[PDB]
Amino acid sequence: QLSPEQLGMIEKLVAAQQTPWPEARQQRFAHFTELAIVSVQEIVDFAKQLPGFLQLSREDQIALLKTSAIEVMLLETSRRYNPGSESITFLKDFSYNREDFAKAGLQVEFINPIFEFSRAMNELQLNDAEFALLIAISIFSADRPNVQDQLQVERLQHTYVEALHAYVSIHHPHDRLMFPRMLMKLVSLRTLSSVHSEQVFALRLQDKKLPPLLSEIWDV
């Protein structure tokens, strides 16, 4: 049963979320890495709006954002996926398909799981509330490396879990599998994070440079 406090919290989260494309290969890469920077900036802005987040130590904020950023970017990307054209649209105007990503020099091993995830997420047909809560739940993962106040992180995570459960019970009143199905996507996101670290590793083999913000959160 969705409480007034939960309703108000979810609505607030939803409300909080409301180089040119043409070496030539590396102009595409610069365009994409620049869009990724925009996503990371938005992730940080949203995190700061999450109840409980700014009360964690700044070090715990950084610990959580360092490793959740790729997962939240993947969630945000899934949300922008167009099943009919099999494309993903960034900043409302920039639409891209698998070939576009390959042309930027990204590996097939990276591209294909992200498209497969995006397609599986699309079948779920999550709305803005469900995406917002799942992003919150991904951010408040107590098992991230270097988290100090694991108890508080876990406590926070559970309040978002409980809100998602109650919300989904109104959105999907005859399908009790929707709630766990959503949660189970967080499992796929963990595997995808390791696919991502493999792409980051390959970029440095190729002497392909991540811009400073991206390098800071992802380079070893």
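For clarity, a rigid core is taken as the largest C-alpha set superposing within 1.5 Å between two forms. One-based numbering along the sequence shown.
Checklist entry - Which stretch is more displaced from the shown form in 5 other deposited structures of this protein, 82 to 90 or 125 to 133, with RMS over structures and residues of Cα positions after a rigid core fit? => result When 82 to 90 and 125 to 133 are compared in 5 other deposited structures of this protein, the bigger C-alpha shift is seen for 82 to 90.
Checklist entry - After fitting on the rigid core, which stretch moves more in 5 other deposited structures of this protein, 103 to 111 or 71 to 79, going by C-alpha RMS? => result Of the two stretches, the larger average C-alpha offset in 5 other deposited structures of this protein falls on 103 to 111.
Next on the checklist: Can you tell me how many deposited residues have no coordinates between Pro22 and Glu23? The categories are none, 1 to 3, 4 to 9, and 10 or more.
Outcome noted: Going from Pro22 to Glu23, the model skips 4 to 9 residues of the deposited sequence.
Checklist entry - If you average the Cα B factors in the entry, which is higher, 52 to 60 or 37 to 45? => result Per the PDB record, 37 to 45.
Next on the checklist: If you take the mean CA temperature factor per stretch, which one wins between 129 to 137 and 88 to 96?
Outcome noted: Result: 88 to 96.
Item to check | Among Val147, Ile114, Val72, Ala104 - the residue whose C-alpha B-factor is largest in the record | outcome: Of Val147, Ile114, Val72, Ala104, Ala104 has the highest C-alpha B-factor.
Checklist entry - Based on what the PDB entry reports, which of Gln26, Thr159, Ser193, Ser169 has the top C-alpha B-factor? => result When the deposited C-alpha B-factors of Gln26, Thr159, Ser193, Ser169 are compared, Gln26 is largest.
Checklist entry - Taking the entry's C-alpha B-factors for this chain, is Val187 in the lowest, middle or highest third? => result Ranked within chain, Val187 CA B lands in the middle tercile.
Next on the checklist: When the deposited Cα B-factors of this chain's modelled residues are ordered and cut into thirds, is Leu65 in the lowest, the middle or the highest one?
Outcome noted: Lowest third.
Next on the checklist: Using the temperature factors of the C-alpha atoms in this entry, rank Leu151 within its chain: lowest, middle or highest third.
Outcome noted: Middle third by C-alpha B-factor.
Next on the checklist: Lowest, middle or highest third: which one holds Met9 when the chain's residues are ordered by CA B-factor from the entry?
Outcome noted: Its C-alpha B-factor belongs to the lowest third of this chain's values.
Checklist entry - Once the chain's modelled residues are ordered by C-alpha B factor and cut into thirds, is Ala30 in the lowest, middle or highest one? => result Highest third of the chain for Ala30's C-alpha B-factor.
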